[PDB]
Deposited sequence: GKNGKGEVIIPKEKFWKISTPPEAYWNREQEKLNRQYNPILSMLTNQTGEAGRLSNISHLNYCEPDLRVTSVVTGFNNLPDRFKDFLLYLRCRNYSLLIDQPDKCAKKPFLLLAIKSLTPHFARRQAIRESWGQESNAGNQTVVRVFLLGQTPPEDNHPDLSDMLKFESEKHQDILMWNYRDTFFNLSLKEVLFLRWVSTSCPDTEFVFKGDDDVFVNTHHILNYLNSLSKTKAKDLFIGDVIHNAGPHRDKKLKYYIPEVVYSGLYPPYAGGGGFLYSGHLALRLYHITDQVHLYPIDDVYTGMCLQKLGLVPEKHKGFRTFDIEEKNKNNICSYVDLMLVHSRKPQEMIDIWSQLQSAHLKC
């Protein structure tokens, strides 16, 4: 498998370019058997795997001027204006209660015209100027570039928010019980809090070989099993681990699934993420969707629409 072989090469190089080679890696079309018959997203991933020095087009350099207790980092796409606004008004509110600063950033790439995306750049600039919470990098925002979104976000944390006590990274289609998370973080002993990483962790998972699935991975790309990883909509970790995570990203090749890439970085650090039952990545039962007390005892639910996020958050306040 290509990724396995290339990761083995990377280990040798770091125990005596893959970071700023941004020309097409034309060799992959010869080393990967059946390359021409692969879907375009795999072609783009393999051809441009070795480039990750993308620039920040929209920054919020003063987002963490005061040391945050919790940084909310939400992955989003340019046209998702309603999702971002509902998060701003509901569980993603910035706050300062009890000297525990909560700050919010949305993580965006480019939706370029070459991919037939509508030009929403002026709307995005208006949103950025109004809400001061948009981080946007100059790369093609795609599913297979989400591990790139992860690395560039971790880079931003190291340069612009290195002192945040904890980090929540999640999707813009989940409801998050931020009160439950804050109570959980404040209940942690210093021992568990230093290297906290929790979520919906699955062990001994493998790459999907069914070509019809969303997260299909060919045998020529990756072989073997996945490391333990938290996926399904969000995970929570300490700022200390965020710095260790970013430092190790150079030593791990990007992977088409961002949550698997994060698990690889944790495994290279010698850490095992812990499953927490409050991460309901497969939603809750049907009858309980409109029972607010079913949201009291969990961290997040996947998935909810913008209107539902505001409605649940409103009822949650009482």
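Regions of the deposited sequence not represented in the model: Seq positions lacking coordinates: 1-23, 40-57, 360-364.
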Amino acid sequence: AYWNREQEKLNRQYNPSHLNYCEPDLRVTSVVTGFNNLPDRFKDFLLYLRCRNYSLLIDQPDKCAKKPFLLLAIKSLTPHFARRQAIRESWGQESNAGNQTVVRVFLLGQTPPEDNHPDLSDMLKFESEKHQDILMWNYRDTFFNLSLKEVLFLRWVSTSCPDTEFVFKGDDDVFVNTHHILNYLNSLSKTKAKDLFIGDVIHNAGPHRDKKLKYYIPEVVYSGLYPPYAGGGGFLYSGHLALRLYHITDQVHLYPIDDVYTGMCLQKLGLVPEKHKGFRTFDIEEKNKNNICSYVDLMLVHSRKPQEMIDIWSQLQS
From here on, numbers count along this sequence of modelled residues.
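The term rigid core refers to the maximal set of C-alpha atoms that superpose within 1.5 Å between the two forms.
Between 225-233 and 122-130, report the one with more C-alpha displacement in 9 other deposited structures of this protein relative to this form after a rigid core superposition. Stretch with the larger root mean square C-alpha distance in 9 other deposited structures of this protein: 225-233.
May I ask which stretch, 276-284 or 63-71, sits farther from the shown form in 9 other deposited structures of this protein once every structure is superposed on the core, judging by RMS CA distance? When 276-284 and 63-71 are compared in 9 other deposited structures of this protein, the bigger C-alpha shift is seen for 276-284.
Taking only the CA atoms, which stretch has the higher mean B-factor in the record, 182-190 or 110-118? The entry gives the higher C-alpha B-factor average to 182-190.
Average Cα temperature factor in the PDB entry - higher stretch of 202-210, 170-178: According to the entry, 202-210 carries the higher average C-alpha B-factor.
Which is it among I58, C265, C293, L254: the one with the largest CA B-factor in the entry? So the option with the highest C-alpha B-factor is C293.
Checking the record values for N99, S160, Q132, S76, which has the greatest CA B factor? Among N99, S160, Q132, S76, the highest C-alpha B-factor in the entry belongs to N99.
Record-listed C-alpha B factor of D250: chain third: Middle third.
Thinking about Cα B factors across the chain, which third does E94 belong to? Middle third, going by the recorded CA B-factors of the chain.
Looking at the temperature factor on the CA atom of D44, which third of the chain's modelled residues does it land in? It belongs to the middle third of the chain when residues are ordered by C-alpha B-factor.
Is the Cα B-factor recorded for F35 in the lowest, middle or highest third of its chain? Ranked within chain, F35 CA B lands in the highest tercile.
Give the position of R12 by CA B-factor within its chain, expressed as the lowest, middle or highest third. It belongs to the highest third of the chain when residues are ordered by C-alpha B-factor.
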